[PDB]
Each structure stands twice: as structure tokens, then as C-alpha cells.
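# Report on the structure
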Amino acid sequence: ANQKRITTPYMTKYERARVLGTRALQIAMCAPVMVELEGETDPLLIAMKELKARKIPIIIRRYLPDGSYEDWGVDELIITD
Amino acid sequence: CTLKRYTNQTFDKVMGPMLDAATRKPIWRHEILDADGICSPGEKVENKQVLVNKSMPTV
Amino acid sequence: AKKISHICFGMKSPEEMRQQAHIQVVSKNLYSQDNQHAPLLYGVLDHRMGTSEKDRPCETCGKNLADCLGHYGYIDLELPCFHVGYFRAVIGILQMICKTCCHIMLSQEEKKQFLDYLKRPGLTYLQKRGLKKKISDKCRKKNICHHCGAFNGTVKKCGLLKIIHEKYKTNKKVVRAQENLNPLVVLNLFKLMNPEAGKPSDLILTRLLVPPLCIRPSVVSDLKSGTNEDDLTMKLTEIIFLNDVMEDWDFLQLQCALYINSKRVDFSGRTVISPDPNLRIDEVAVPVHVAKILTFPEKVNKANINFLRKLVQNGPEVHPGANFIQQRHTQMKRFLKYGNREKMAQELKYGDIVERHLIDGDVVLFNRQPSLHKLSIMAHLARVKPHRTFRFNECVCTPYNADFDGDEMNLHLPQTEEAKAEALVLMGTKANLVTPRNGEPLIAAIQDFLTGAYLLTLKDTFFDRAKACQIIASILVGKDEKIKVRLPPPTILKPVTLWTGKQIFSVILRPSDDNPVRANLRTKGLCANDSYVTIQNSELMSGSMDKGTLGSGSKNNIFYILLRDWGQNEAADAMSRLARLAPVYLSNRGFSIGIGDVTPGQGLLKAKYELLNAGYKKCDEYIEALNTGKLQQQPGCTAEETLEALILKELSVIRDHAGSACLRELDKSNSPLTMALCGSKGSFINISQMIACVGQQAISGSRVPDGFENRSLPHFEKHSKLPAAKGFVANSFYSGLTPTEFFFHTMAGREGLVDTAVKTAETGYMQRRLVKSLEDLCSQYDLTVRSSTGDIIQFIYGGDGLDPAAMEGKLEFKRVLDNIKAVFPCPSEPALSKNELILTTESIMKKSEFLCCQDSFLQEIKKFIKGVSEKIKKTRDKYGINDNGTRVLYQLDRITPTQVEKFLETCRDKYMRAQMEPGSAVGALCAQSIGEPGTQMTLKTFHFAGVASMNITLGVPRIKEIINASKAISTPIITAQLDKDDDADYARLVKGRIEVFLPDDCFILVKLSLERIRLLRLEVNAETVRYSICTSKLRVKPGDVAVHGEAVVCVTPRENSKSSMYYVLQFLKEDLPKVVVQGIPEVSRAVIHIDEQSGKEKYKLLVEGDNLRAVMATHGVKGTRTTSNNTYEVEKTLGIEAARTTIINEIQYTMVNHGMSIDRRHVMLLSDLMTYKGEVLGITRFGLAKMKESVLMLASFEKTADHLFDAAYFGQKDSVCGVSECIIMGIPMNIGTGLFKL
């Protein structure tokens, strides 16, 4: 699915914030826990821990109803800045 | 406490809580009312206690 | 797998309706009547039949109360009754079936209409019944072009009666059961053609079926006193007497008609608001007794269990705790008054889910009304501080109107952590400071921070090393700032070392930065400098702050110099160092408006008394004159009350003189002087209403009218206008006023109580209607908008692809020069005349963003203009390095290759960052952009306008007329130019080109004032009058042509011989009025503007009559610049994008009045919404014939009414199926990013 040419070398802020949300649910059910499992060790701040991810090994796939599946690995592009 | 009356059955005589159990004579249900369950002129009745009750046999 | 994707209303599925049948009619009584008790009966009001009590055997569901979805059951009654809706249908359409034949609707035909119906969308088949609305049953039976005429039957509108005689028609009517027709023949003839959905047969009112008991609540008093229910359709069980069994059918349907036919809140709270600035900008705080509001998921995680059990042991009456925790086995257990618990097996007892209090965000939301921006409810932090206010950093009161009367405020509680993280890091730090509706910051020093910081900046204030105290609430301070501070050096070494007041403001010593600014609110030249502040890299060179250099300005701030370069997280943390630095300086200096702050000296009161004498003198002179006129008015044109404009501007001169006397001797150590030198609170026209002259009031941009005959107030003299008899106060609120200057104050005072009270008349509707009509707009990644059917609205955002989010300084070529000024790469010098080196850097530029491309079309369109800009920079540098250098190397004329490379990298960064789609959610932003700027401002914009005529016509309520495009618009004003570049006479000739005597008796009609009146008004002729009177000799009544009249040098219009001896009436009127003296044959007055604007003399034609093409023969012209101000007329007269541009500019005239400049791309988007199909049908508040738009807006008729019921009885679909229904229907959104398909 190499229809990935019509995105700026940045994911959008909406997609990035929502993927942070779904990673929140991931690390908030039991554990996909990552590079530091609970090195940041704090009480009930579920969201504010996986915000510090900076690697995010997961894939997200962005579309258009009259278009195909423009896919994107989180790794292969620049971040919120 | 608009203590009604009804045609056939009666609220008439039926005034008075004070079950008088052990804890709060009887309980924060009927803790601070009085001898006759009506009045309490000066008591910090608190947070969903009873100000007045009435068995309510209406119809 | 799949939730709702496409769902509409629900109905009776007869099978599952009637398997759950228990009882239809058990007896004459219900509710366990005859038992003399009420165990549970009778089998239909109980068990279930729809779960309307505490518990019983829920049918197909379980258990009580909810999740017992409405249970059905056959409760048939079989009372004879028919289709009341189709009673009305048969009455109206007059026997649409052509009973009693029901022959084929069409014959051959012309199959063209056949295939057209079969190959077109729905909501159209009504045309077949429309064709046969009348011809039905009155036609040739078994013929061509139709098959009806059978059998002589037309229906009578005798109310609900449908009487069908064998009509002639109109000759066979009877009165009492004869010549009737039965709806059973209609039913048989079923046994607009579509029985797949449109079946009138099965809707027979003989097998009536009931909605379940989930509609009806019964308040069983537990006392057998009142069990009322509503309505409902089952009630006809009590008609068992008549259940045993044409006018009879009407009686039955009349009996039927009695009882047959016609995201709110979660986890909230509200208290009063009184804030702190100790709460860091992102943080907020709530009361403490909101922790006593609970039942949160906070689903337990493995790393959390111990930290959760810490608070689990607390229970009902401790703040950091837990209560009502949801247990593993779906049976949640309480720790409230029945707690006596918290043994808490340490890993399993709540191994799934817990629920704590507000400890740390844990975000909460805050409500406001009206919610002007989307930034009236934002995302911000917690923890937790008491004293049940609504405290938050007081720099952000502007987008909330957190008004301080003590009127309460509403708090949310979000108890779901899915998009909560998404919400908290998208609308929490980027929503606050930057708005797309205006491009101006909302967060700003509201007040005294402005004056406290100003006073710091004042060149006077000299400080102490002992005044490192006030430093330390800022950068040696509360949480998240305790690094050191570099102690700005001892900026005096006199006999008296001292710390100037500026670099006590410019203080922070963690994460060093760089900045730049200019252009505060003062004049130009070193003029006691309160402007061109010229901040360098975090120091404060010159200047003194202001609302336009420390508050909600535009391009110079602590944001657009510390949001762009350097990023976020350094703007939300210089505002806090201000919030605790400056306003805890005033508490060591004090502001106190006494009285001497508002007393003018007794050495310049003169300048008010003598000017009062002079003013009243000249006004009296003119007012005397208007009876004799020696000066004189005429000019003015008019001149009756044009000794209004002159006296208005004389009192204006009076107030200007007075004001300027109110603002000269004010000694600079003054209050409100120091609350208008700094935009802080109030202006220079309020240090004048308190010192010299509060005059003059008005009413509607005009002095106080009468209201007693020819005099305003009775405490005056008749017919005598003056600066007293028509409101002109002259007493400053210091020496307050007189009872004929107060009652002319509460009548312009009653504007701001009617202005701000019918402001919420038009906005309350238009805001919700714009939101309801413009949701489907999306921003899918092809840089193109799409619609409900994915129809293209745009292709770029105007070539640039940009949207107003990243509107950095001028976009982005001037401020960034300063940005790279402040980080100095020293090594370089002028040796080679670096202009050529600048060209080499332009070459590395040309290379370094030809690797541009991505989601693109946003850089090449401006890459060459970038190049041109650096080329002109190089040219300016060449001129400077030549002339200025014709030795500090002329400051080295800094420019280096490193600086220009960094410059181009920053340019690329901001150009590629400001890129919308990908993203982008452009629709609702533009919707509210065009909406609420109609709500905020109406005060200082449409009333100055004080006071003059000549082309100031409308403001905000023109939005209504543009959106609706209603024909009742009373200002169809059509502007157009002329032989424009001319003099008054040169264009006046064409102006004249733009565009009355005794009727007699005894064989003669009339005459005309054909004398020089016309020859000095406009070029016409007696022959033109003859030609006009020849045209129908009248309007709308049959006069003559008469071929012809006017057989004399002055017209003799030959009243045509009295063939209609009825009237000399028309003979008089039809000639009396103007025929060749209207200039468009249907128009109100023309206009002329002999006005000197744009330097030269402009000349226009403000004609007020539809439509365009009125400017065909204005041989002026100026045809290139012909324009209009009415959308639907310019739709047909002129081009499509012509009307698009007129809609763009029309809503960009309602917003040029003072301040408000909404983004041009927003009105561009609205205009693109206007003209999907080209043929301009602008988005009206009631509906459009534009199928690529959203069909939801059609249903919003303001509001839903009986028409939907009538359409439902006709089997017609509803158009509420847009996306505003989604919030009531509770489904995920699917557009742009919500349409995931792996």
C-alpha cells in the first residue's frame, strides 16, 4: 500500500493526540508497556506517562473516501513540532 | 409539612416518629425531632435528617 | 464489529409485536380493580407489558428497569376506524386512485416521463398525483395520455368527510346517507407508485398496535392515590360497548382522532467564580466538595493497585479517597454510610476498576453562556484548592467573560480516559493563546498586570537590591520555576547603586531565549519614549508596555514573539512570571483614584465657560438665521434640519476642545491618565466626561427628537431647537448635571440596555442556525474539502493552502528577520560585498527547498516570491553597504551566510507547519468566525456615524440578509461607477443623463412644465413624453395607445374620446405620474456621490432598484467596476464567481466596523459553500435546492412542526439525517479520520 506521498513530513495534531489516547487505553488495560515499563512511577495519572513515548511502535492509516489507504508508520515521520 | 386530611382514611391521628432505637434515639432518620416528632426549636438539624415525618396513609 | 451505521425511526414489526401478546381486553376494568386489592393485574398493564414498575418478567429483555427494552404485545381492539391522514389525503387530492377503476396511471405515453421517473432520485413522485390532482375521475375512461375518468368521482371537503358522488362534475351533489363512497374500495384498489415503502393499505385503523409501556411512567404513590399515564393509544379499551360494531365512518374517525393523532448532562457542577493568579497558566482549581462527587471508572492497572488502595481505605468523609467503587463481579460496593469495609485483598477485590477523587488532572471542563468561541470551554488542569470558587490564571478571563458580579458558573467532569488524553494535549496549550477566528491572543494581562508592569517599565522607577523580593514570586518562585536567577547586573554604580525598572521585568534565568518587539501606543520622533520598545534577546532596551505590547494585541506581544520562536511551553511560563511579578508590585505602590484625579484646575475651567459662550453664540446665530438665512444653508441639500449637522459638529468642536483641555494639565503622577496611557482600563473619552464636557448625547446617531410637539422636553420653549432643548449635556460628571441633562442621559443610556438586549435577538438564532447548517465540512488529506457525498468544495485553501492558525508577523518575512537578529553568529564581515554571497545563499536556498515536496502545492506557489523577497533584501543591503560605507564596518551590517541559512530554514519550517489539509477541520471554525463577530461588537462602530448622512447604511444585521437572501430586503442598493475619473461637472453631465401643469376640460387633456425645469433636471423631450404616454397610456388598466397625442409644442395629450365615459379618473392619474422620469422603469430614487475620495474625485451611482443590467446604458460607465449588493439578482444578471465575490465582500462590509477583521479564508469557505452548483443559491436558514450540500439543513425550518407528521402519513422520508442528529443519536463520526478501513 505505497500510496503515501500526499502527507507533509508530519502527522497532523488530531491524529497524534488520538493515537496518544489509544496508547493510553492500551497501557491502561493491562500492559503493552514500553522502553521503560514503569520507570516513571506515579499514582493515577493514566495519560501523562505514555505521553513520554517518543518511539511509539504502532501503525496508523489515513484515507479519503475517493482514495486508497495512505498508510504511515509512526516511526517513519516527524512529530508534533 | 402540609399535613393533609383525606375523606375515608385519615392522617388525623397519625403523627409521631421516635422509634427510639439505641444509636441516635432512634437514628439519623428520627434523631433530632422531639417527644412528638414535630418540633425542634434549636438544634443543628443536619444534612438530610428529619425535620418532620408523617405516616402517609392517604388513600 | 459494527455499531449503528445507518438507522432511522422505528415502528411495529407485526410478528414480534404480537408474539408477546398477553391480553387485548380482559374485562371492563383494569389495574386489578375487582380484586379490591392490587397483587398484579391484569396481564397487560402488568407482566409487563412494557416494564413500567419495579419488577416483573421482562419480555425479550431483562432485567428491571433499564435494559428491559420496550416489550410489545397484541392488544388489538378492532374498533371500526380508517386512515384519518388518508381521509385528508383523499379529500385534498380528490380521489387520486380514480376509483373505482384504479387503472394504469399513464398510457403509452411518451415513455419519456416513465424513464425519467425511473432514473431520478426520490422525493419527486408527487408530480404524478399532481398531474391527476384534478383530471382524476373527470376524463375519458380507457383512453390515451392517462387512464382515469372513472367513475365520475370527486371528493368533497366537508371537513373530515369524503363524499364521492357520481359528479358531472359540479352538477351531482346530495345531502342522509346517499351518493357515498367507502374507504374499503380504496383499500381494495391498493390491492407515486411504490408499495415497497408507500403502502396506505396496511395503515388501516382496524388492527391498531400499541407502543410499549416505556413511554409511560406511572407514579404509583405506594398509597393507591393517582396512577396517571400519558397518553396513550391503548386507552380505547374502555370503548368495548362500541367495539361490538358513510357518516358512521366519519363519526368513528372523529372518535379515533381524540387519542390517535396530534448530550444534555453528565457529571457536572456549578458554583460562583473568584480566581487566583497563583495557579500556573495551564493549571486551574475547583472547590474541594466536588471530590464528594464521584462514581469514576479509573480502571485499575497493575502498576497502580497499591497507589489506589492507599486512597481506597479512606471512604466517605476524606478528600483523597474512594467511594462506590465498581467491583470485579459487576456488583459495585460502597464505602459511604454503609461502608464498614476496606479490608481490601490487595490485588483482586477491585482488580478491574476503582474510583478516586480529583487529585491531579484528571481534567475538568468549565461552561460559559454564550459560548462565543470554541475557546469558551477548554481543557486545563486541576488539584484542587479549596474555597468553592472557580479559580484560574486570571490572564484568560477574556474568552470566558468570567464576570464577577458573583453570578455562578458551570463545571463538568469527564469520566472517560479515551480522548481525554487527546483533549488535554490538543485544546489545552494550543487552544488558549491562538484562535483561528481572529488570529489574536485571548490570554492577556486583563487589567492591573498591565498598569503594574507598565509602572515597572516607567523610566522613573529605580529599585533596590533589597528589591529582589518582588523578583522572587516570578523566577525564584512557585512550582516549576526554581532555578537560580542571574541577578541582572548593578545597573548604576554612582554614589547610589540602583536597579532600573525594566530588567526587573525582563527577568528569568532558566532556558535562555531571544525575542524582539516594537511599536507601542505613543507617537514618534526620542519622544519621551513609550513606543518602539525594541526588546532584544530577553532584555528590555527601550520602551514601556501597553495593552498592545503586553496584552491581547496582534503581532507584538509576549506570545507572537514567545510562541513562534521560541515554541510553546515558554509562553505559558512567561505569563505566570508576570502574573506573580507585576501585580505583587502594586501592593507596594498603590493606585488610588481620589477626587483630585478627576478635578480640573480652577485655572483652566475658563476653557470650558468661554467655549460654552462661543458655541452657544454661534449656534444661536445659525438658529436665528434659518428663519432669515443670510449665510446660508442650501447648500447642505437638504437644509431644513441641516442646521443639524452644523450644530452637531459645533458641539463636537466644543467637546473636542474640552477633552483636549481635560488631558493637558493632568499631572503625569495621575490615575485614569495612567489607565488610558496604557490601554489598561478606559480611554481618553472618559477622562473628558469626568472633567469638562459629557456632551453630546444622541439617540440614533442624531440629537434627541421631539416627543412633545416641536419641542423635546416641556421644560423649554416651543419649536426652538438649541443645544439645550435637544439633548446636549454640558456638565462634566464632576460638577454633575441638571434635570434637563439627566433625562437626556437615560435615553442614550437606554441604548446600551437595548443594544445589549436585542443583540441576543438576531445572534441567538443565527449562531445556532449556522452551527446546525455547516457541520459536514471536512478537510481530507488531498488538500480538498468534501461533502456528505464527498463532493468537492475546494482544491486548495487559496493557492497557499494556508489557514490563519500560523499567522506570524508580516506572512513571515519581517518578524523572522528580527528572530535571527537576536542570535548572533559573529564571524563574518563586509569584504566581498556580500550581495553576491547573498545570491550564493539564494542558490543554496533554491536547492534546499526543491527537496520541498510532500503534501505540497504550498511552497512552489510562494517559493519564487520568497526568492524575490531575499533578492530585494540583497538589493537593500547593497544600497546600504554602498552609500552608508561611502571603523565598525557599519555595524558589520550584520548579514552572514549562517543567518540567511537559518532564516530560510525558519521560513520552510513555518511555511510547512501552517499547512492545513492534512488535518484539518476547517468548517466550524469559519462558521463561528462569520457568526459571533456579529454578537460581540455593535457599540463604537455603527454610531460614529456621529453625525452625518451620505453612505453609511448597514452593519451586522446585513448578515441575516446575506445568509437568507430574502426578497423583502429594504436595501437592494446597487452601487456602480460612472465616468469616474472626472470633475463634478464632467461626471455631472452623465449624472443628469441618468434620469406638471393644469389638466383642463372642454376637449383638452393636460399640458406640461416642459420649460427649463426639465432642461435643468435631465435631458428629456416633449416627444419623449408623447412616446411614454403612448405606452399603454396607463399601468395595469386598459387605457389605450390611441396613436397618438401631443399635437402641440407643449403636450396636448388628447384625452381619448369618452368611449369609456366611466372615468376621467384614469385619464388624469395615468398621465399625472412620471413615465419617462424614473430612469429604470422600476426603481426608487437614483443617487449621486460628488465626493473626493482616494485623492481624486470619485463619482458613483447608488441606485436602489433591482436588478443589474440597469447599468447597460450608463454611458460612463465604468463597466469594469460595476457591482451589486443583492446575491440572488447578481446570480442571474452577472457571473457565478461574481456572485461568490459579492457574497465574500458583503460579509466583509458588515465587518470593517471598528476592530473585527475575520479571516478572509473563512468568508472564502462560506462563499464556496454558497456556489456548489455554480448557479448561486446561498445557504439560507430554511433550505436549498442544492443536492451536493447537506440535506439536514433543509429540515431545519425553525422548527419541526406538523409538516413532518403529514409527510409521515404520506410515507415521505425525513431530512434530519445529517450529522447534527449524531449527537442525539450517539454514534461515532466518520469523516477525514473517523472512517478507518484497514
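Looking at the entry header, you'll see cryo-EM listed as the method and 4.0 Å as the resolution.

Looking up chain C in the PDB entry gives the name DNA-directed RNA polymerase III subunit RPC1, with the organism given as Homo sapiens. The title given to this entry in the Protein Data Bank is "Apo Human RNA Polymerase III". In its Catalytic activity section, the UniProt entry covering chain C states "RNA(n) + a ribonucleoside 5'-triphosphate = RNA(n+1) + diphosphate".

Per the PDB entry, chain B goes by DNA-directed RNA polymerase III subunit RPC2 and derives from Homo sapiens.

## What about the overall build of chain B?
Helix and strand content of chain B: zero helices and zero strands. Principal axes of the C-alpha set define a box for chain B whose edges measure 35 × 20 × 20 Å. Residue burial in chain B is summarised as follows: out of 59 residues, 20% are buried. Of all intrachain contacts in chain B linking residues separated by at least 6 positions in sequence, the fraction that spans at least 24 positions is 27%. Within the structure as shown, chain B displays about 4,500 Å² of accessible surface, and the carbon and sulfur contribution to it stands at 54%. The positive charge centre, built from 9 side chains, and the negative charge centre, built from 7, are 6 Å apart in chain B.

## Some details on the packing of helix α21 (residues 923-931) of chain C against helix α29 (residues 1160-1170) of chain C
All names here are of chain C. In contact at an axis separation of 9 Å, α21 and α29 are set at 105° when each is read in the N-to-C sense. Taken together, the axes of α21 and α29 are roughly perpendicular relative to one another. Facing α21, whose interface residues are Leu925, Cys926, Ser929 and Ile930, α29 presents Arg1161, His1162, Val1163, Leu1165 and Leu1166. Split by residue class, the contact of α21 with α29 holds six nonpolar, two polar and one charged.

## Some thoughts on the interface of chain A and chain C
With 38 residues of chain A in contact, the opposing surface of chain C contributes 39 residues. Only α1 (13-29) and β1 (59-62) of chain A provide two or more residues apiece to the side of chain A that touches chain C. The biggest single contributor to the side of chain A that touches chain C is α1(A), with twelve residues. Taken together, the residues of the side of chain A that touches chain C break down into 21 nonpolar, six polar and eleven charged.

## A short note on a negative patch on the surface
Together, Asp979(C), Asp981(C), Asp983(C), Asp985(C) and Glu1092(C) line one region of the surface with negative charge. Positionally, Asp981(C) belongs in the loop between α22 (958-964) and α23 (984-994).

## Let's talk about the nonpolar core
All names here are of chain C. By size, the foremost hydrophobic cluster in this structure holds 62 residues, and its most contacted members are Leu358, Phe366, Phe392, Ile443, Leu550, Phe559 and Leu578. Taken together, the elements giving at least two residues each to this core come down to β5 (409-411), α10 (449-457), α11 (502-505) and α13 (575-581). Among the elements that take part in this core, α10 stands out by supplying six residues, more than any other. If we ignore the near neighbours within four places in the chain, the residues touching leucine 578 are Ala453, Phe505, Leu550, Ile558 and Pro583. Counting 34 residues, the second-largest nonpolar core is a separate cluster that includes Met766, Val922, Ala1139 and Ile1143.

## So, empty space enclosed by the protein
Empty space within the largest cavity amounts to approximately 140 Å³. Those elements that provide at least two residues to the lining of the largest cavity are α2 (47-50) of chain A together with α9 (420-424) of chain C. Looking at the lining of the largest cavity residue by residue, the classes come out as seven nonpolar, one polar and three charged.

## Digging into the state of the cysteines
Residue and element names in this part refer to chain C. Overall, the coordinates contain four disulfides over all chains when judged by the stated rule. The side chain of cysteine 852 participates in a disulfide bridge whose partner is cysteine 853; the two sulfur atoms lie 2.0 Å from each other. Judged by the sign of its S-S torsion, about -90°, the cystine formed by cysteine 852 and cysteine 853 is left-handed. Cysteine 852 sits in the buried class, given a relative accessible area of 12%. Each disulfide in chain C links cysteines that, numbered along the sequence, combine into the pattern 1-2, 3-6, 4-5, 7-8.

## Remarks on the side chain of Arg1140(C)
Residues and elements named next belong to chain C. Structurally, the position occupied by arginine 1140 is in helix α28 (residues 1136-1146). A distance of 2.4 Å separates a polar atom in the side chain of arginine 1140 from a polar atom in the side chain of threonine 1171. If sequence neighbours within four positions are ignored, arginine 1140 has contacts with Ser1167, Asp1168 and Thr1171.

## A few points about the packing of helix α18 (residues 835-848) of chain C against helix α20 (residues 897-913) of chain C
Residues and elements named next belong to chain C. Relative orientation of the contacting elements α18 and α20 amounts to 30°, with a least axis distance of 10 Å. As judged from the angle between their axes, α18 and α20 are roughly parallel. The chirality of how α18 crosses α20 is right-handed. Between α18, through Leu837, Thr841, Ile844, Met845 and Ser848, and α20, the contact on the second element is made entirely by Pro897, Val900, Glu901, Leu904 and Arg908. The residue makeup of the contact of α18 with α20, split by class, is six nonpolar, two polar and two charged.

## As for the pattern of salt bridges
All names here are of chain C. Applying the stated rule across the entire model yields 32 salt bridges over all chains. In this structure, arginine 216 engages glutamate 229 in a salt bridge whose closest nitrogen and oxygen atoms are separated by 3.2 Å. On the criterion of sequence distance, the pair formed by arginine 216 in the loop between α5 (183-190) and α6 (240-243) and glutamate 229 in the loop between α5 and α6 is long-range, its members being 13 residues apart. For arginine 769, the salt bridge identified is with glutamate 1198, shortest N-O distance 2.9 Å. Three or more residues joined by partner-sharing salt bridges are found here, namely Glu283, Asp360, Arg383 and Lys385.

## Regarding the environment of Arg280(C)
Locating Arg280(C) in the fold gives a position in the loop between β3 (269-271) and α8 (305-312). Among all residues touching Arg280(C), those that are not within four sequence positions of it are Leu381(C), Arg383(C), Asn393(C), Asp480(C), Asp573(C) and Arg580(C).

## What to know about the pairing of strand β2 (residues 70-73) of chain A
Residue and element names in this part refer to chain A. Side chains of β2 alternate between two faces, with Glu70 and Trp72 and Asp71 and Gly73 buried alike. Here β1 runs beside β2; their pairing, made up of four bridges, is antiparallel. From the neighbouring strand, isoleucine 60 faces β2, where its bridge partner is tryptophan 72.

## Here's the deal with the packing of aromatic side chains
Residue and element names in this part refer to chain C. In total, this model carries 14 aromatic pairs over all chains according to the counting rule given. Arranged with centres 6.4 Å apart and planes meeting at 80°, the rings of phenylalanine 82 and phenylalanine 87 form a pair that is edge-to-face. For the pair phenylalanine 82 and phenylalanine 87, one class covers both residues: buried. On the basis of an interplanar angle of 75° and a centroid distance of 5.3 Å, the ring pair of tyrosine 1063 and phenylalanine 1067 is categorised as edge-to-face. Accessibility expressed as a relative area gives 25% for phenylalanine 1067, which makes it partly exposed. Across the ring face of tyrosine 911, the terminal group of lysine 866 is positioned such that the distance to the ring centre comes to 4.2 Å.

## As for unusual backbone geometry
Residues and elements named next belong to chain C. Cis geometry is found at the peptide bond from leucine 631 to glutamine 632, where omega equals -5°. By secondary structure assignment, the location of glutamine 632 is in the loop between α14 (606-628) and α15 (645-662). The amide bond that connects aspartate 1106 to the next residue, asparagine 1107, takes the cis arrangement and shows omega of 5°. With respect to the helices and strands, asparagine 1107 occurs in the loop between α26 (1065-1069) and α27 (1127-1133).

## Points about the sheet that holds β3(C)
Residue and element names in this part refer to chain C. Reading across the sheet, the three strands line up as β3-β5-β4 and stay open at both edges, with antiparallel pairing between neighbours. Strands at the two margins of the open sheet, each flanked by one partner only, are β3 and β4 (366-367). Two elements, β4 and β5, share two bridges in a ladder whose sense is antiparallel. From the neighbouring strand, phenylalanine 366 faces β5, where its bridge partner is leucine 411.

Rules and cut-offs
Residues numbered from 1 in each chain as written, not as in the entry; some residues may be left out. Chains lettered and ligands numbered in written order. Part of a larger assembly, values for the part shown. Heavy atoms only, no water. Residues with missing side-chain atoms left out of burial classes, pairs and counts. UniProt positions renumbered as here; feature names shortened; annotations may be inferred. Helix = DSSP H or I, 4+ residues; strand = E, 2+ residues; numbered from the N terminus. Buried < 20%, exposed > 50% of the residue type's maximum accessible area, 1.4 Å probe, protein only. Contact = heavy atoms within 4.5 Å. Areas by Shrake-Rupley, 256 points an atom, 1.4 Å probe, with all protein chains shown as cover. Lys, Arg positive; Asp, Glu negative; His and termini not counted. Charge placed at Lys NZ, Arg CZ, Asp CG, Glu CD. Axes fitted to C-alpha atoms, helices over the stretch in contact; angles between N-to-C directions. Parallel < 35°, antiparallel > 145°, perpendicular 65-115°, else oblique. Nonpolar A, V, L, I, M, F, W, Y, C, P; charged D, E, K, R; others polar. Patch = residues over 30% accessible without salt bridge, like charges linked within 9 Å, V, L, I, M, F, W, Y side chains within 5 Å. Salt bridge = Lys/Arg side-chain N within 4 Å of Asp/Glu carboxyl O. Core = buried A, V, L, I, M, F, W, Y, C linked by side-chain atoms within 4.5 Å. 1 Å grid on protein atoms, 1.4 Å probe; cavity = no way out; pocket = protein on both sides within 12 Å on 5 of 7 lines; lining within 4 Å. Points joined across faces, edges and corners; volume = space filled by probe spheres on them. Disulfide = S-S within 2.5 Å. Polar contact = N/O pair within 3.5 Å; in protein donor to acceptor, adjacent residues only side chain to side chain. Left-handed = near helix turned anticlockwise from the far one by under 90°. Pairing = 2+ DSSP bridges. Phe/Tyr/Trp six-rings, centres within 6.5 Å; stacked < 30°, edge-to-face > 60°. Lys NZ or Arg CZ within 6 Å of the ring centre and 35° of its normal.

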